[PDB]
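Residues per chain are reported as follows:
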Amino acid sequence: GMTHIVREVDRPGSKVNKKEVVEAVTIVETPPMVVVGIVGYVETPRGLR
Amino acid sequence: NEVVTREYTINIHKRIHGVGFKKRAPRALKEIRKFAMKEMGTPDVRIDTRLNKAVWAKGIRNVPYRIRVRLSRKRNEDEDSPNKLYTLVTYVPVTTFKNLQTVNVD
Amino acid sequence: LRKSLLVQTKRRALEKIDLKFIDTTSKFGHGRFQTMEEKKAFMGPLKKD
RNA sequence: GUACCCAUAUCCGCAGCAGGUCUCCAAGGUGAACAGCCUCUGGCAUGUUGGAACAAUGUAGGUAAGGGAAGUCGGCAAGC
RNA sequence: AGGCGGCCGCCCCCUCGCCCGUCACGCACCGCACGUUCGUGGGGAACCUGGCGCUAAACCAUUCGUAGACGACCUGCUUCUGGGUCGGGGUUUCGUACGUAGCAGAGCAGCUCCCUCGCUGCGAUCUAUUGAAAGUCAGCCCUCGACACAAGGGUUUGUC
Ligand SMILES: [Mg+2]
Ligand SMILES: [Mg+2]
Ligand SMILES: [Mg+2]
Ligand SMILES: [Mg+2]
Ligand SMILES: [Mg+2]
Ligand SMILES: [Mg+2]
Ligand SMILES: [Mg+2]
Ligand SMILES: [Mg+2]
Ligand SMILES: [Mg+2]
Ligand SMILES: [Mg+2]
Ligand SMILES: [Mg+2]
Ligand SMILES: [Mg+2]
Ligand SMILES: [Mg+2]
Ligand SMILES: [Mg+2]
Ligand SMILES: [Mg+2]
Ligand SMILES: [Mg+2]
Ligand SMILES: [Mg+2]
Ligand SMILES: [Mg+2]
């Protein structure tokens, strides 16, 4: 889903600086990645095999 | 292999959504027949005239949002169909709908 | 989510952000409240209590 | 001469064709009204098909922040 | 885009694995073509036998919505942390339900204890119960609360 963030912006040389800026911000749930396999590749003169 | 009788509170307001006005109360009864066929298992479903009145009591497009029903399963005789069982859905009235769940009626 | 295949500073990357407020309002409609305790403290007792 | 239809199915139009054809009887409410809308007597099964889903395009209908004709040959249509 | 080659040690034999000389035979098929080759050539369907192994997966049906014109695509299914239907809450949407009570209510009418805001009746609304009532997933969240269901089916698919 998506939420706001009230964020302090430390970017000098702008109207944006030293003020709070609300930005549209997505949330992506990322469970941990369980490792199973290993794949090897050979550089062929037609590509990758 | 039984002759059992249960009760349900079918939610017609969420079994009908996005359906037009002139074809709403028939889709209510098609969905009641499909719900009876799914629950009690037999394809033969007979619904009563009291349940007909209870569905069609408020026109074609103001279908009531929930109806308490009682599903009995009986056997068929006298040169019967290949489906020997049939679900006779009957209507039982109740004032309120909250805290009412599925009851096996003796 | 893939790592960027090129390297850029551009004053767009590597800024130590300061998150201040992330709203968790009712996204199922118009959100009025932040937390459940704050909603109960604003409204008060009902028939359920 | 005396039946029957007298019609979105008994007439004419090549047809059970949104076309055409002359008359009498007329209820209750709102309403100035035989206006429009809802009921009664009296008729009907939606007009030569049903079922499932609600894609583009279309045909009818309704809206839309701010501008208000800047579009267009022309305020055409729609709306006040 | 790999499969034959090289080394060590054994295995049953060869001391003709070859060049020159002697001897005699094998079809000498009597003039005739497509003969000799990497062929135990390529793949498919079956026949009898030895040894070593294998015991599945798609498609339909049902459900699903993250996708859908129809096809197509992402999904669930077990007898236990399985799904489905109700119910319960969480959220939200509108705005305070019916009923009851009121020395609230513009006022009006009637009665006699002759009633020192007397009582009764009509009466748009208002107040208290009331942030009430009602809907809430069908394309929202959690439920191990109550019922039932679960391997129940049809079609097809092999490499000397
Ligand atoms: Mg006559
Ligand atoms: Mg006609
Ligand atoms: Mg004609
Ligand atoms: Mg006509
Ligand atoms: Mg009248
Ligand atoms: Mg009048
Ligand atoms: Mg008249
Ligand atoms: Mg007709
Ligand atoms: Mg037609
Ligand atoms: Mg028909
Ligand atoms: Mg506008
Ligand atoms: Mg506007
Ligand atoms: Mg103007
Ligand atoms: Mg002008
Ligand atoms: Mg011009
Ligand atoms: Mg005009
Ligand atoms: Mg307008
Ligand atoms: Mg009401």
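The rules behind these values
- Residues numbered from 1 in each chain as written, not as in the entry; some residues may be left out.
- Chains lettered and ligands numbered in written order.
- Part of a larger assembly, values for the part shown.
- Heavy atoms only, no water.
- Helix = DSSP H or I, 4+ residues; strand = E, 2+ residues; numbered from the N terminus.
- Buried < 20%, exposed > 50% of the residue type's maximum accessible area, 1.4 Å probe, protein only.
- Contact = heavy atoms within 4.5 Å.
- Areas by Shrake-Rupley, 256 points an atom, 1.4 Å probe, with all protein chains shown as cover.
- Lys, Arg positive; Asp, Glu negative; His and termini not counted.
- Charge placed at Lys NZ, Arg CZ, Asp CG, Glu CD.
- Pairing = 2+ DSSP bridges.
- Axes fitted to C-alpha atoms, helices over the stretch in contact; angles between N-to-C directions.
- Core = buried A, V, L, I, M, F, W, Y, C linked by side-chain atoms within 4.5 Å.
- Buried area = accessible area lost by both parts, 1.4 Å probe.
- Salt bridge = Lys/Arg side-chain N within 4 Å of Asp/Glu carboxyl O.

Comments concerning the overall build of chain A
Here's step 1: Looking only at helices and strands, chain A features zero helices and four strands.
Here's step 2: Mapped from its N terminus to its C terminus, chain A presents α and β elements in the order β-β-β-β.
Here's step 3: For chain A, the spread of C-alpha atoms along the three principal axes comes to 55 × 30 × 15 Å.
Here's step 4: Per-residue burial for chain A yields a buried fraction of 14% across its 49 residues.
Here's step 5: Taking all contacts inside chain A whose residues are at least 6 apart in sequence as the whole, residues at least 24 apart take part in 13%.
Here's step 6: Just so you have it, chain A exposes about 4,600 Å², and 59% of that area is on carbon and sulfur atoms.
Here's step 7: Seen as two clouds, the 7 positive and the 6 negative side-chain charges of chain A have centres 8 Å apart.

Details of the sheet that holds strand β1 (residues 2-8) of chain A
Across a sheet, strands are paired by hydrogen bonds formed along the backbone, either parallel or antiparallel in direction.
Here's step 1: Strand order in the open sheet made by the three strands is β2(A)-β1(A)-β1(C), with antiparallel pairing throughout. Taken across any chain shown, the strands that pair with only one partner, and hence form the sheet edges, are β2 (20-26) of chain A together with β1 (18-21) of chain C. Each neighbouring strand pair of the sheet contributes to a mean axis angle of 45°, computed without reference to strand direction.
Here's step 2: Note that β1 of chain A and β2 of chain A share seven bridges and pair antiparallel. Within β2 of chain A, the position partnered with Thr3 of chain A by the bridge is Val25 of chain A.

A few points about the nonpolar core
Side chains of nonpolar character tend, in soluble globular proteins, to be buried together.
All names here are of chain B.
Here's step 1: By size, the foremost hydrophobic cluster in this structure holds 20 residues, and its most contacted members are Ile12, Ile32, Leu51, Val55, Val69 and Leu71.
Here's step 2: The element best represented in this core is helix α2 (residues 25-40), accounting for seven residues.
Here's step 3: Apart from the residues lying within four places of it in its own chain, the contact partners of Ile12 are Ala28, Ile32, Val63, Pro64, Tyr65 and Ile67.

With respect to the interface of chain C and chain A
Here's step 1: Counting residues at the interface gives ten residues for chain C, matched by twelve residues for chain A.
Here's step 2: Taken together, the two surfaces of chain C and chain A that pack against each other cover about 1,000 Å², and 53% of this comes from carbon and sulfur.
Here's step 3: Looking at the side of chain C facing chain A, the largest losses of area belong to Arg11, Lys20 and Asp23 of chain C, adding up to 40% of the total buried there.
Here's step 4: Taken together, chain C and chain A are joined by two salt bridges.
Here's step 5: Where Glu20 of chain A meets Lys20 of chain C, a salt bridge forms, and the shortest distance between an N and an O atom there is 3.2 Å.

Focus on unusual backbone geometry
All names here are of chain B.
Here's step 1: One non-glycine residue, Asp78, lies in positive phi territory at about 60°.
Here's step 2: For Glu79, which is not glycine, the phi dihedral falls at a positive 60°.
Here's step 3: Note that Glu79 resides in the loop between β3 (67-75) and β4 (85-91).

Quick notes on helix α1 (residues 36-43) of chain C
Here's step 1: Of all eight residues in α1 of chain C, zero are buried; the element is thus mostly exposed.
Here's step 2: Downstream of α1 of chain C by one or two residues, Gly44 of chain C has phi in the positive range, about 110°.

Details of the arrangement of the chains
Here's step 1: As for chain B relative to chain A, no contact occurs, and the smallest C-alpha gap between them is 25 Å.
Here's step 2: Between chain B and chain C there is no contact; the minimum C-alpha to C-alpha separation amounts to 14 Å.

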